[PDB]
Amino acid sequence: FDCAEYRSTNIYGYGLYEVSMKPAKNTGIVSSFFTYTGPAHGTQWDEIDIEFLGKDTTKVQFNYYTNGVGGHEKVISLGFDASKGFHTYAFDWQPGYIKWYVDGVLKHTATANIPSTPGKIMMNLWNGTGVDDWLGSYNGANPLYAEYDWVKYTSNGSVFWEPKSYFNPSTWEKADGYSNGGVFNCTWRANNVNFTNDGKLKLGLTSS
């Protein structure tokens, strides 16, 4: 299986991160929006996540890692099926808290051991292996898509607006030609990152 990952080339810090998206629906997969920096780049592993488990798109999972330590998973019920339309998901990341919102409504707050290292904005779609309890087993269904209409990052003195109508190499990069291995049971392919004519980033999960 081939999957997809899109990531910023720059780093961003504290502020409001918003994305308008529509995750894919299927057992065994995840569609995400998150920030990330790792020892892979050094720093210290700090990451804030919005993950949609395809097994049940009526919920969304929030989580974070501070210094390689995670386990802050919070599953919230949305009140609607996320895969049926675009909604706005955001997280307000400040030095002493992370606040998550759905369509402008506050849904979760965290104040413990909050990350502080600036990272890249990343979006991916992938199928797991060895985590059937978390994601359900992946059944090989495909192609599957996760779509993103726009991304916005607002700090108090700047705004990063990305409407996703075309590929901009100075700002983003596509993952390609490798697998994360581990529970990621797919290889990242640049060809699986496409832009629709109407201005949406469309990540796909396909066979091969």
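Residue positions are given as counts along the sequence shown, with the first one as 1.
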| property | result |
| --- | --- |
| Entry-level comparison of average CA B-factors, 118-126 and 134-142, reporting the higher stretch | 134-142 |
| Of 182-190 and 16-24, the stretch whose C-alpha atoms average the higher B-factor in the entry | 182-190 |
| Criterion, highest CA B-factor; candidates, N63, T171, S31, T37 | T37 |
| Third assignment of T58 from its chain's C-alpha B-factors | lowest |
| Position of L106 among the chain's modelled residues by C-alpha B-factor, lowest, middle or highest third | middle |
| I76, C-alpha B-factor rank within chain (lowest, middle or highest third) | highest |
| Cα B factor band for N113 (lowest, middle or highest third within the chain) | highest |
| B-factor third for the C-alpha atom of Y97 within its chain | highest |
